[PDB]
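What follows is one structure encoded as structure tokens, with my remarks underneath.
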Number of protein chains: 2
Amino acid sequence: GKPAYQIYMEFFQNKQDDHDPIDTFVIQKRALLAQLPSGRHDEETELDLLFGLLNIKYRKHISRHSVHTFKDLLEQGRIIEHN
Amino acid sequence: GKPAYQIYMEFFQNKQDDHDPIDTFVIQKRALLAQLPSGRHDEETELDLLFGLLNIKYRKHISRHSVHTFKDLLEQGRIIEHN
């Protein structure tokens, strides 16, 4: 696979744009995370890597400390896209 | 301290510019890494996070697989700034 350093750069290269649902943004980013060495990062760390790339439309409502899992983040983000 | 997600964003926000010696670029980035939870990342992972942010003037000569430690990276980079 791709070297890890190149995955990290690609992960951080693109922030979530206004047109991009949280589900599809998260799928794309988690696909990059899955190419890193198995067992390197726990879910908390993966969420820490991803959180700041989320669009402000989510972060205004959901802070990092409010979610512990990707499932939580997606649940809340979907409501936000409907609220 | 700062939340981890904010550290990661700050770490990836600025690539190494032409005017910036490798020593001072690395010190700045490692100061961010030191604010993450102790024991989260090993040196290999830290190098993987940092490598792609190095200026192409180093990466043309030094590939990721050639270095195993920050000490190696700095040793080689200093020679490159003199070669």
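Here, each number is a calculation from the coordinates, and none is a lab measurement. Ideal geometry is used to build each Cβ from the backbone, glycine not excepted, and the neighbour counts take in all protein chains shown.
Using only DSSP helix segments of four residues or longer, with each worth -39500 (n - 2.57), what per-residue ellipticity at 222 nm results for chain A after dividing by its residue count and rounding to 500?
So the helix-based figure for chain A works out to -16500 deg cm²/dmol.
Find how many whole Å separate the alpha carbon centroid of segment B:1-31 from the alpha carbon centroid of segment B:64-83.
Cα centroid to Cα centroid, the span is 18 Å.
Which pairs break 30 Å Cα to Cα here: A:57/B:60; A:29/B:60; A:60/B:15; A:15/B:71?
Over 30 Å apart, Cα to Cα: A:57/B:60; A:15/B:71.
Note the distances from residue A:65 to each other copy's matching label point, with points 7 Å along the Cα-to-beta-carbon direction, in nm, sorted shortest first.
4.4
Within 10 Å of each Cβ of B:41-51, how many other protein chain Cβ atoms are there on average?
Mean shielding count: 4.
Using a Förster distance of 22 angstrom, determine the FRET efficiency expected from the C-beta separation of residue B:61 and residue B:23, and round it to 0.05.
It comes to 0.85.
Calculate the mean, over all residues of peptide B:52-65, of how many other protein chain Cβ atoms lie within 10 angstrom of the residue's Cβ.
Mean number of neighbouring Cβ atoms from other chains: 2.
How crowded by other chains is B:73-81, given as the mean number of beta carbons from other chains within 10 Å of each beta carbon?
On the way: counts 0, 0, 0, 0, 0, 0, 0, 0, 0.
Counting other chains' Cβ atoms within 10 Å and averaging over B:73-81 gives 0.
Which of rounded, prolate or oblate describes chain B when judged by the alpha-carbon gyration tensor and an a/c cut-off of 1.5?
Working: a/c = 2.21, a/b = 1.60, b/c = 1.38.
Prolate.
Output the relative contact order of chain A, whole-number percent, from Cα pairs under 8 angstrom with separation of 6+ residues.
About 36 percent, as a whole number.
Averaging over all projection directions, find the projected area of the Cα convex hull of the protein assembly as shown and quote it in nm² with one decimal place.
Projected over every direction and averaged, the Cα hull of the protein assembly as shown covers 10.4 nm².
Going by average Cβ density within 10 Å per residue, which order do the peptides A:22-32, A:1-11 take, highest to lowest?
Listed from highest to lowest mean packing, they are A:1-11, A:22-32.
Nearest beta-carbon of A to the rotation axis carrying it onto B: which residue, how many whole Å?
Axis-proximal residue of A, distance in whole Å: A:12, 2.
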